[PDB]
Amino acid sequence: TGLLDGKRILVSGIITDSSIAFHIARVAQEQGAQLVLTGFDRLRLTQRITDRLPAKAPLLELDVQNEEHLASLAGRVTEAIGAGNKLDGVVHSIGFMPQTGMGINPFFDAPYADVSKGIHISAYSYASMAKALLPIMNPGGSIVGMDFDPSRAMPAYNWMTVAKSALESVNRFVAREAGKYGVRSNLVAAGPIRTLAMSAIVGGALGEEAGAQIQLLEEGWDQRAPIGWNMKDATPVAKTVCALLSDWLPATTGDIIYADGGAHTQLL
C-alpha cells in the first residue's frame, strides 16, 4: 500500500520478537510487502514468533552454513511465491560469533575454527545468500544486510567486529555481482539494539567487564547521537532497511547506511 507495495521480500534472521529482523519484517508488511521468511535452528519458535507478524509469511529453513539449504533455497522460495514470481528484496539479518570470539575471552584466545564459523555466518553468508537469490530477483531489487560499524575497534565485540569488517567488504563485492541483475546490495549499520543476546551480554553472560564496556558503549552512543539513540527501539533500523528495500535509494549500492542516531558522525 505504501513503501514496499507489491514487493516480495525474503527476510532472514527472525528468532525472537526482539530480533532486528522481526521489526524489519513487521515494518515491511505494514508497508505492503509480501514476505518469505527464513529461520535457522529453532524453526518451531520462529514460526510461533512470526505468527505475531501483521500477515502470514511462508517460513523456509536456511542454515547459511548448509550448502544443500542454499542450493535448494531459490527453488523453495519460488515454490513459496509461485512460479514466474521473483523477489524484489532480500534481508540478511544473520550473525553469530562463538563466545570465544567475544566479550571477556581474550581476543588472542579465540581459536581460528571459532572465528571462521563466525565469519562464515556473519560475513561470507551474505555473499552465499546473494548467490542463492540473485537468480530469482527482479531488476530494481535490493539486498540488505545488517552491519555494526567496525571502522574502529571496541571492547567485547572482538571478532564479531572483525566479522563485520569482512561483511562490509563482502557487501562491496556482492554489489558488483548484484548490479548485473539490476540489484542493489547495501548494509545497514545499526546502533546497539537490546536484543535478547545483547541484554544477556550487558547482564554479564560474556563476563562482567564486557558487560560493563557494552553498557558504556550504549550510553556513549545515545550521548553522541545528535538525535539520540534508543537501543530498545529497533523500529528506526527496520525503517532504514525498508528505505533500502524501496525505490527511494535507487543510486545506492555497495554501501552502508548508518541507522545509529548519527552517533558515528560525532566524536564526543
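The first residue of the sequence shown is number 1, and the count goes up from there.
- Taking the mean C-alpha B-factor of each stretch as recorded, 135-143 and 74-82 are not equal, and the higher mean is that of 74-82.
- Per the PDB record, of the two stretches 217-225 and 64-72, 64-72 carries the greater mean B-factor over its C-alpha atoms.
- Residue set 197, 175, 160, 153: peak C-alpha B-factor at 197 (per PDB entry).
- In the deposited entry, the Cα temperature factor of residue 105 sits in the top third of values across the chain's modelled residues.
- Annotation for residue 49: C-alpha temperature factor in the highest third relative to the rest of the modelled chain, per the entry.
- Residue 3: CA B factor lies in the highest third for its chain, per the PDB record.
- Annotation for residue 240: C-alpha temperature factor in the lowest third relative to the rest of the modelled chain, per the entry.
- Among the modelled residues of its chain, residue 16 has a C-alpha B-factor that falls in the highest third according to the deposited record.
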